[PDB]
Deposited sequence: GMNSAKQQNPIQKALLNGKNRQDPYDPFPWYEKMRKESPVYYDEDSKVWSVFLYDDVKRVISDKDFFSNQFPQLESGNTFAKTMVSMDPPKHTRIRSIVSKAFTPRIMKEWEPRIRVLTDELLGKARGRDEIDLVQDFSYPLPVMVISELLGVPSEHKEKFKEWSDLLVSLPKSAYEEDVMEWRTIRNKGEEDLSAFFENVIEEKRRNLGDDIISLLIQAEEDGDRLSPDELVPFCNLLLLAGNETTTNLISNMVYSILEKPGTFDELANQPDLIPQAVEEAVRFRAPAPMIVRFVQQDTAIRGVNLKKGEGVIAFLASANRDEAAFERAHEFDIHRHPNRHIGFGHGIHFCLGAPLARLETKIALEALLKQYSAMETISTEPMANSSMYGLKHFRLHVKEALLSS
C-alpha cells in the first residue's frame, strides 16, 4: 500500500536514522530531532541549490527581505478579513453535490477548493476561473518518465504554461495599481518595508509560488484529514458534537498524514548529525512525515488524537522558511471540515486511490457514501 509508508519510516528511524543512498549520493534523515535541525539550522543547511526566482530557494539576507514583505499578506487580521469568502466558496462546492449519496471528496471538493480560494484571494477575476485552473494544473504537473525525450516534452509545455500565467498575473498587478482592492496582489502592491517594495519581477513569481505551494498541499491535507477522521470510529461524530476541536484536528492531520512528506536542504558547512559527518555540498532529504510519526517526540505517535494540544509537529516546517501560507491552509482546512460536518450527518469510506508521487502524500480518488442531514 503506497498510502501506508509509515512502517518503512519506523524501520528507518530505528535501523538507519541517518541514511546515505550510494546510488543518488544524497543523505536521508528520519528522526524528529534530526529532521527538525536540518530544516531550521540555516547556517549549516541551505535552501540555495544551483522556484529559482522565489524565496524557497533563497538564504538570508535575500530571503529575509522578501519574507518580511510578503508576510504582510498573511497576518491574522488579513486572514479574518478573508474567512467569509472561503466559506462562500466551500458552500458553493458542496451545494453542487446536493442530492447525491456518493461523492468523490477529491474531485468534488478537496481538489477544486484551494484553486478556487487562491484565485479569489489573489484578486483574479472569477471570470477566468477555468483558464486559471488549467495554468495551475500545468504548474503542479510532473513528467511521466525521467528520460530526456519525456522531460523535454513536459518542460516545454509547463514553460509555456508558466509564461502565460506570468503574463496573466502581470496584467492583474497592473490593473490593481489603478483600482486597488481587498486581495493579496493589492496588498503586496502597497506593502512596504521602510520604502522597500516588491518589484513586478518578484511579485509575479511569488504568485506562481502560492499556487505551486498551496494548491495540492491543501488538497492532500483536506483529503488526508477526512480519511483519518473516518479511519477512527466515532471521530466524525465527536467533531460534530465539539466543533471547537476542529483546529486541533487540523493540526493533528498535518502531524498524522503530512501532505508534504519531505523537504530538501543542502549542506552549507561541514558538520555532523548524530555522529554522521556530512560534507559541504551534499543534499539532505528531511522526512517531515517520519519526524511527525516519531515516538520519541509524540505520545502514541501511530494514533490519530484530536485532543493533542499544543501540537509540536513540523509538517509546516520550522525556522525562517516556516510555511508562509500555514494561516491560510489552517483556515481553509478548518472551514472545509465545518462545511462537511454541517452538510452530512454521516460519511463512510467506499474506496480510496492514493497519489503515488514521491514529494506528495495524498489521494487521487476518495469515493464516499454520504447522508445529508
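S.K.: For this chain, which runs of the deposited sequence have no C-alpha coordinates, given in order from the N-terminus?
M.R.: Several stretches lack coordinates - namely 1-22, 73-79, 403-406, in sequence order.
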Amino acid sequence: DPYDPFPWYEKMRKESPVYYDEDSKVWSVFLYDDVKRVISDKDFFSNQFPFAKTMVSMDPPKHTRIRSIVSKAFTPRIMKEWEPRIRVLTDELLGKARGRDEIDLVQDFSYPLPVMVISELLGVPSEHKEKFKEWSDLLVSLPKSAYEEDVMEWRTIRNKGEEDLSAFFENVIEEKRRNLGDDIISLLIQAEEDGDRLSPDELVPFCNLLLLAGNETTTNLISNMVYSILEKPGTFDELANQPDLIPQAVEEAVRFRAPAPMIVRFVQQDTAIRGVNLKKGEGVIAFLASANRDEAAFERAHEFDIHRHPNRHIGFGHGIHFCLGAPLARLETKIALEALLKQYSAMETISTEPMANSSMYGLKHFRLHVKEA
From here on, numbers count along this sequence of modelled residues.
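S.K.: Averaging C-alpha B-factors over each stretch, which comes out higher, 261-269 or 223-231?
M.R.: Looking at the record's C-alpha B-factors, the answer is 261-269.
S.K.: Mean Cα B factor from the PDB record: higher for 24-32, or higher for 310-318?
M.R.: Here the higher of the two C-alpha B-factor means belongs to 24-32.
S.K.: Between 171, 110, 292, 277, let me know which has the highest C-alpha B-factor in the entry?
M.R.: In the PDB entry, the greatest C-alpha B-factor among 171, 110, 292, 277 is found at 277.
S.K.: From 87, 72, 197, 144, can you pick the one with the highest C-alpha B factor in the entry?
M.R.: That would be 144, according to the entry.
S.K.: For residue 126, does the deposited CA B-factor place it in the lowest, middle or highest third of the chain?
M.R.: For residue 126, the deposited C-alpha B-factor lands in the highest third.
S.K.: Quick check for you: using the entry's CA B-factors within this chain, is residue 60 in the lowest, middle or highest third?
M.R.: Residue 60: CA B-factor falls in the middle third of its chain.
S.K.: Relative to the other modelled residues in the chain, which third contains the C-alpha temperature factor of residue 217: lowest, middle or highest?
M.R.: Ranked within chain, residue 217 CA B lands in the lowest tercile.
S.K.: C-alpha B factor of residue 243, ranked within the chain: lowest, middle or highest third?
M.R.: Its C-alpha B-factor, which the entry lists for residue 243, ranks in the middle third among residues of this chain.
S.K.: Lowest, middle or highest third of the chain for the C-alpha temperature factor of residue 114?
M.R.: Lowest third of the chain for residue 114's C-alpha B-factor.
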